[PDB]
Amino acid sequence: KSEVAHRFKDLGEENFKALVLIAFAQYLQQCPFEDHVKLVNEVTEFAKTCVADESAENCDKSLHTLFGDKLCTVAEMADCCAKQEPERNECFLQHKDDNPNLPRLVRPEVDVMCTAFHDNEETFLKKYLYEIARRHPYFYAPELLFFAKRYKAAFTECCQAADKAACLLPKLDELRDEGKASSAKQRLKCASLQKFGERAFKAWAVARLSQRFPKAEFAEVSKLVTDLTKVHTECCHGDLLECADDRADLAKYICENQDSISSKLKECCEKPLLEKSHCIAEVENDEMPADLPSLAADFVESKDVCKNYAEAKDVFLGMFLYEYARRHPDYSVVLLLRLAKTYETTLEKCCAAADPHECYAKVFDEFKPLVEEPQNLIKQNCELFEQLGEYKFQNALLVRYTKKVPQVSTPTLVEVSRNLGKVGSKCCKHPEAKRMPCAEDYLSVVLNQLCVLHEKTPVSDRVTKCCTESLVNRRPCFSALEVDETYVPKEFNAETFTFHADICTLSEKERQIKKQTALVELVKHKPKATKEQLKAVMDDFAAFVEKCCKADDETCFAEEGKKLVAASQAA
C-alpha cells in the first residue's frame, strides 16, 4: 500500500525530491523553475503524510495520477491534462522534445556563480537538475543524481581556492561533455525499447553482459538481463523512482554475487551507492574462461539443432548469443546481434528442408562477410583519421553524410558529423582488438541521435528508412548510402550566409562550427562538387573572414560577403 511511501522510504527524502524534480522537468520542458519546485515541495510533504500513515486520504493512488494532477495544477500539453491518467501519462511521454526551443545555457562569470552557490546551495543544485532535465528529457535519472553530486563537489572544492576559475571550469566542461554522452547513450536504450520492443533490448543486454561477464553462467546472465531490462523500461517510461530503486537493488545483487559474475567488480562494489552503480555499468570485461569449446559442436554439428530450436526457441537463440558473445569481446554488440539473426534466419529456412544438417552446416560461412564489413570500414576510417586529425576528419564525414542525406537540416548535420568525427579520437587509438566495439557502438549512439533529431521534422526518406528498418542494421544502412542524385540543388540567398564581426572574437569550437555550417550550406548548393571545388571555396572563405576581421572598419563583411556569394556561385 502507498507506493509513494514505499519509494520515499527506499530512496530517502533528498533523492526522492531530486527525482521528482527531474520527472517534472522532463514532463513539462516549458514550465518555469519556481512552478516545479513548488509542485515538488507539495508532493514531498504529501509523501511525508503518507509514510506517517499509509491509510491517509489519497495515499493509495498511483505515482502517475499524483504527478499528473500536480502537473495539471499549472499546465500544447494542456491536451494531456484534459485526459484520464492511463492515456494522460502516455500523452506526456509522447510530447517529450529531443530538441526543445530553449536558449543556450550561457554561463555567467565565476564570482557570481560562487556567490549564488554559497547564498543558497539547495536552490543552485535544483536549478542545475531542472535545466539538464528539461534539455535532456530521456536522461538516465539516477545517473543525473550522480552528476549533481559531482556538480556540488566541484562548487564546494573550487569556491574555496585562490583562483576559483582555474579549478572550476575544467571540471564543469568535463561534466557538460560527459552529460551529453550519457544522455545520447541512454537515448539509444529508450529508442530501442520504445520502437523495437522488449525482445530486442533483451538481446542487446544478453550480448553486452555476456561480453563483460564471460565467466557467469547463462542463468546468471539471464537474471541480470531481466533486472536490467526492467530498470530501463521503468526509466524510459518516466517511472524514475521505481527505476532508481530497482537499479540500486540490481547493484546490490551484483555486489553480493561477484564470485559468480566477474572478478573485475571488487573495487566498484566498495563505493557509495551512486558511483557504485555508475562503476558497475562501466566496468571492464572480465577474462574469459580458458578452455571454451568450438561453437559448432552444439549449434552446427549437433543433431538436435532443429529439435531444440523448435521446442525451446527463445532459450536456444539467447544461448547462441550468450556463448558467441562470451568468445568475442572483439566484436561490437550490433555485429553480434546481426550474427544471431542470421543464425535464426538460416535455422528457420533450413529446418524445413529435406536434409537440414546439410543446410545449416555452412552458416558460419555466412558470418564471414558480416564480420569483415565493419573491420574494413573501421580500418579505412581510422587510417583516414590518423592523416587528417579530428577537425579534418569531421569535415570529411560532414561532406560525406551531407551528400548521403542532403535534405537534413544543417544544424543536425553539423552536430551529428562532429560527433561522428569524435569516433576517431576515442577509439582509433585502441589496437584492433577492442576498437571495433568502441567505434561501432559509438556510431550507433550518434546515428540514433540523427534518427531522433530527424524524427521530429522528417525531410529525408533515406533517413526514415534506415532508422525504421532494423536497429542493428542501422550503421550498415547509412554506410551503404551514396550520393543523392534525385535531390535538387539549393540556391544561395541573402540569409544563407549570416557572418558578422562577432566571428572574430569566437572561441575555436564556435569558429569551427560556423565554418562547418557554411560548408554544409554550400555542399547543398552543388552536391556534385569535388574535393577540389570545395577546398578552393573554403579557402577563399577563410581568406574573406581573415581579411574582414582585420579591416580598420562589419562594413567589410557585408560587401565582401556579397562578392563571396557571387564568386562562390561561379567557383
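**Here's the deal with the overall build of the protein chain**
Along the protein chain, the regular secondary structure elements total 25 helices and zero strands. Taking 25 Å as the expected radius of gyration for a compact globule of 571 residues, we find that the protein chain reaches 27 Å, a close match to that expectation. When its C-alpha atoms are laid out on the principal axes, the protein chain stretches across 80 × 70 × 50 Å. Scored against the burial criterion, the 571 residues of the protein chain give a buried share of 48%. Of the roughly 28,600 Å² that the protein chain leaves accessible, carbon and sulfur atoms contribute 52%. Charge centroids of the protein chain, computed over 81 positive and 96 negative side chains, lie 3 Å from each other.

**Some thoughts on the packing of helix α19 (residues 410–427) against helix α23 (residues 508–523)**
Where α19 contacts α23, the two axes come as close as 9 Å, and the packing angle between them is 120 degrees. As summarised for this structure, α19 and α23 are arranged oblique, according to the angle between their axes. Here α19 runs over α23; the crossing is right-handed. Two secondary-structure elements touch here, α19 through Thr410, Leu413, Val414 and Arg418 and α23 through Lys509, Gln512, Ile513, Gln516, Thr517, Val520 and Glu521.

**Here's the deal with helix α11 (residues 218–236)**
A rise of 1.5 Å per residue sets the reference length of α11, with its 19 residues, at 27 Å; its end C-alpha atoms lie 26 Å apart and thus fit the reference within 8%. Against α8 (141–158), α9 (164–196), α10 (198–212), α12 (240–256) and α15 (313–326) lie the buried residues of α11. The positive-phi residue at the C-terminal boundary of α11 is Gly238, with phi of around 85 degrees.

**Remarks on helix α21 (residues 461–469)**
Restricting attention to buried positions, one finds in α21 the residues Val463, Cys466 and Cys467. Along the axis of α21, the buried residues cluster in a sector spanning 95 degrees; they form a single face. Summarising the geometry of α21, the exposed residues directed more than 90 degrees from the buried face are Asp461, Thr468 and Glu469. At its buried positions, α21 is contacted by α9, α20 (435–456) and α22 (474–479).

**Observations regarding the side chain of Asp97**
The residue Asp97 is located in the loop between α5 (85–94) and α6 (110–119) in this model. Filtering out sequence-adjacent residues up to four positions away, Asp97 remains in contact with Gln29, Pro137 and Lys456.

**Section: the packing of aromatic side chains**
Inspection of the entire model under this criterion finds 28 aromatic pairs. Judged by centre distance (5.7 Å) and plane angle (55 degrees), the rings of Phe299 and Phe320 are tilted. Of the two residues, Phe299 is situated in the loop between α13 (273–281) and α14 (305–311) and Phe320 in helix α15; the sequence distance between them amounts to 21 residues. When its relative accessible area of 2% is taken as the criterion, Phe320 is described as buried. The rings of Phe299, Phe316, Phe320, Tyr324, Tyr331, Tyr343, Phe364 and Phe367 are connected pair by pair, giving a single aromatic cluster. Just above the ring of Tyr138 sits the side chain of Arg187; from NZ or CZ to the centre is 3.7 Å. The ring of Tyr401 has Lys404 lying over it, and the distance from NZ or CZ to the ring centre is 4.6 Å.

**Let's talk about the layout of surface pockets**
By volume, the second largest pocket amounts to about 580 Å³. Along its surface, the second largest pocket is lined by 22 residues, and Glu14, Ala18, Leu125, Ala148 and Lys152 are the ones closest to its centre. When residues of the lining of the second largest pocket are traced back to their parent elements, those giving at least two are α2 (13–27), α3 (33–52), α7 (121–135), α8 and α13. For the lining of the second largest pocket, a count of residues per class yields twelve nonpolar, two polar and eight charged.

**Structural notes on the environment of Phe139**
Looking at the secondary structure, you find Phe139 in the loop between α7 and α8. With a relative accessible area of 4%, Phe139 lands in the buried category. Spatially, the C-alpha atoms of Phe139 and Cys236 are 8.8 Å apart, while their sequence positions differ by 97 residues. Residues in contact with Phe139, not counting those within four places in the same chain, are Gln26, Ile132, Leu144, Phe147, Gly179, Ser182, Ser183 and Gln186.

**Brief notes about the domain arrangement of the protein chain**
Each assigned domain of the protein chain is listed with its residue range as follows: domain 1 (3–95), domain 2 (110–193), domain 3 (194–282) and domain 4 (377–480). Taken over C-alpha atoms, the centre of domain 1 sits 38 Å from the centre of domain 4.

Here is what the cut-offs are and how they apply
- Residues numbered from 1 in each chain as written, not as in the entry; some residues may be left out.
- Heavy atoms only, no water.
- Helix = DSSP H or I, 4+ residues; strand = E, 2+ residues; numbered from the N terminus.
- Rg over C-alpha atoms; globule rule 2.2 N^0.38 Å.
- Buried < 20%, exposed > 50% of the residue type's maximum accessible area, 1.4 Å probe, protein only.
- Areas by Shrake-Rupley, 256 points an atom, 1.4 Å probe, with all protein chains shown as cover.
- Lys, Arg positive; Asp, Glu negative; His and termini not counted.
- Charge placed at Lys NZ, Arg CZ, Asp CG, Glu CD.
- Axes fitted to C-alpha atoms, helices over the stretch in contact; angles between N-to-C directions.
- Parallel < 35°, antiparallel > 145°, perpendicular 65-115°, else oblique.
- Left-handed = near helix turned anticlockwise from the far one by under 90°.
- Contact = heavy atoms within 4.5 Å.
- Expected span 1.5 Å × (residues − 1).
- Arc of directions from axis to C-beta.
- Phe/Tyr/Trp six-rings, centres within 6.5 Å; stacked < 30°, edge-to-face > 60°.
- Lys NZ or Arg CZ within 6 Å of the ring centre and 35° of its normal.
- 1 Å grid on protein atoms, 1.4 Å probe; cavity = no way out; pocket = protein on both sides within 12 Å on 5 of 7 lines; lining within 4 Å.
- Points joined across faces, edges and corners; volume = space filled by probe spheres on them.
- Nonpolar A, V, L, I, M, F, W, Y, C, P; charged D, E, K, R; others polar.
- Domains from an automatic or database assignment.

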